[PDB]
Structure formats: structure tokens, C-alpha cells
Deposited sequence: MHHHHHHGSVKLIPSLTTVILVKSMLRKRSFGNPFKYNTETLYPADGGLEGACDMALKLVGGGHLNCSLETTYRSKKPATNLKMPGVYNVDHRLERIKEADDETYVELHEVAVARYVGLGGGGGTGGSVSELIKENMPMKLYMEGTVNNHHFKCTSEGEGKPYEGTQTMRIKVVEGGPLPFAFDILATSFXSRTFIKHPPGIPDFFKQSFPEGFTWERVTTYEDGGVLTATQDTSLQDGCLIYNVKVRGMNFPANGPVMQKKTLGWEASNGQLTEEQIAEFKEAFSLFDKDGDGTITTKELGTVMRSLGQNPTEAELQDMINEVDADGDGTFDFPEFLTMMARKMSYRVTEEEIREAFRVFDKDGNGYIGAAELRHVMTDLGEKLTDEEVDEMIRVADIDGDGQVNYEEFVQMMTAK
């Protein structure tokens, strides 16, 4: 099968982020410097039973315990997060959470190693109900991954969804690329604090304070949570939540900006309308050689109003449908074929550079190699189907 239009945008996106990861399945925090700390802003969407979402906004403040003079402040940047549930008890009193966190758009603490363990003590109140959780875990602070095994030890089973505590469970594990100073790793040995206010649509408000420190090679998290004004018959207090959407509900401006460039690639005459001819050059530049009818089938997926072409608003809408949906098994196979131009089953550095050029993206040779090495588990220097699929999941 001829790679689909969305597959092409996927691959383009994977390259923009220099990662064989799924680039769509993330939720974005923006970090701004501010009086020698950082301010974090984020929007998140809790899935309800019966469809629909509960939106909240998070405003976090991050302060370092180290003096101002020993810290290289970053610019403004974003962290992309993907929080997942690997295990649970029915009652949500044992919860194993996995997170992936990557800086976008670094520092090396001698104290922060490639595998770090962590331990957390959480105490708090949600609509005056008292509880306690403990956890232990580990991760790879430079690769951006971590696992936390959580227990509720008092106040359980909780009379509210566990979901509202998820973001209160690890900032040292954010992968920061070389260009971005990592305020979190630089804070040690002393560590850092945060205070967060999450405000929900329906008026529930969850505040939390957190101390991070480092005791003899293990990170120690100490967190205080005060949740209030959650509607007593709402989906939080009645446990009618199905987890956090690993996305944003509407497209951000920077998503619209990103996708406008991906559109420009196709729009060779810049008249705002894409034809089979213009899709044709792009498809052929990726090694396909499709017929007019096949190119038309591809435009038919995008062309709502039936006039044979598509414009930018229809293109955008298709990307929104894909952001609210998910990347499929077929799309992953198609994406691999595209990367693997010579069909030998191995994605090499040279292929990445040809494909990169076909899709109007530019990576340095350090970026090209890091993108491979990260996926490359057998160490032969290339990416095979199995390695690719692991990364994409």
C-alpha cells in the first residue's frame, strides 16, 4: 500500500523532533524563566465515562534550592509528557505509572546518573478526605523515562479518582537536548521545589507542594496535596474518569504553525490548493510512483467539498482528527517503509538524510546519529523493524 498522507506528516513530524518516537502522543507544558525560577503552564483533559472530557489548567512554580549564581537559566521552552498506567488494582490503591518527558524548542549533574532510583511520600486532603501514598521507582534521567510503583497506605480506597493525583507523582527525569540548560539537574545536591495549582472546568482545585532532594544516590520526593471544591456528584468525586488524554483537545498555535509548514511542502505554487500533481512530486520523491487515480484516492480522504483538491483548513482538520485518534499499526508499517528507502529492512543514517531532504527538514549529523542510537538496541548502528515499532510505542 502507498503511504498515506497522514503517514507522510507523521514522518515529517518525527524528523522535526529528531526521534523515532510517536510525535503526536504527548501533552505539552511550556516553561518560562521568571525571577530565577521557572513558571510552568499546561492544559490537560481527563476522559470521562460516556465520552467527553474534563479540562483543567495547571500553573506551576519551580524554585531551586541552589544559589542563583551557580545556575545557567534556560530560555522559554516546552516539555512534552506521556503519562501511562501499566498496572492497577480495581480500587486504584496500587498503581504503577510510567512517564516519558522530553524538552523541546542538556546539563549533566555528576550527582544525577543514567539510572536513578526515587522514593516519594505524599500526604494530603481532597474535599477534606485525608490520605497517604508512598512510592518507589527508577528511571533514566537523560533518556527521559521513569517508572513509579505507587501505594495508597491510609485513606484508601480513595473517595475520588486517582487521576487527579497523577501530576503530583518527577522533574529530574526530563530529557533535555544539548541546547537546553536543565534547571532541574543543575539544582543538585540541594535539589528544588515546586508549587502547582490545577484548576478544573467544574471548579475543582488541586494545589500541591513538593520538595525534591538527593540522599546518597536516591532522589527523595516529599509532597503535600490540598484538593477542594470538587463537585460531590461530579466525575472526580464519583470515580467516573478514564485517564488523561495524551494530547491537547484543540490544536495549539504552534501545532497550527508546524502544520502550516508541512502544508507548504506540498503547495509548490503557493496558491493554497493542493492537487494530485503537487502531492505527486512529494510521493515520488519518497520512492513511490503512484497513478493519478491513487493520488486522487489520497486527496479524497482530505477533500470534504468534492472539488478534487484540498486547501489548508481541510488539511488541518485531518490532522486534528489524527491527533484525537491515534497512530495505527498500518501507519507504523507505512512509516517504516518510507524511512527504509532501499527496502532491506534497515533504516540507515544515509536514508535518514535523503528522507529528511525529501520532507524539507534539516538535522545535523549529531541529530541524525542520536536519533538512530536512541532506537538502536542491538548496536549495529541502524534501525530494524522491531526497533522502530518499540520506539513508536
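Several segments of the deposited sequence have no coordinates for C-alpha: 1-11, 117-126, 191, 416-417, numbered from the first residue.
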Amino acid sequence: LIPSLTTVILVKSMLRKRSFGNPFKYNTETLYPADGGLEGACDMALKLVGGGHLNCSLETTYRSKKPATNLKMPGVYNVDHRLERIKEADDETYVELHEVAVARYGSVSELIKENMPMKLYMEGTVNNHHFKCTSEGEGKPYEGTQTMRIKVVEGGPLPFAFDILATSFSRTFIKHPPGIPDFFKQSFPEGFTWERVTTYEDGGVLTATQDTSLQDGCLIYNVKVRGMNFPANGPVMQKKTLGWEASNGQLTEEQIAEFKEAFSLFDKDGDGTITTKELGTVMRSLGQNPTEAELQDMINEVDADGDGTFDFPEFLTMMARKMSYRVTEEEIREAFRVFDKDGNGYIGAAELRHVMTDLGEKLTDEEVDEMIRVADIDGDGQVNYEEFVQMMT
From here on, numbers count along this sequence of modelled residues.
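The stretch 64-72 shows the higher mean C-alpha B-factor when 320-328 is compared against 64-72 in the entry. A summary of the deposited B-factors shows that, of 146-154 and 242-250, the stretch with the larger mean C-alpha value is 242-250. For the set 101, 108, 283, 126, the PDB entry puts the maximum C-alpha B factor at 108. In this entry, the residue among 208, 89, 166, 293 with the greatest C-alpha B factor is 89. Compared with the other modelled residues of the chain, the Cα B-factor recorded for residue 41 ranks in the lowest third. Per-chain ranking of the deposited C-alpha B factor places residue 177 in the middle third. For residue 6, the recorded CA temperature factor ranks within the middle third of the chain's modelled residues. In the PDB entry, residue 307 places in the highest third of its chain by CA B-factor. Ranked against the other modelled residues of its chain, the C-alpha B-factor of residue 14 as given in the entry falls in the lowest third.
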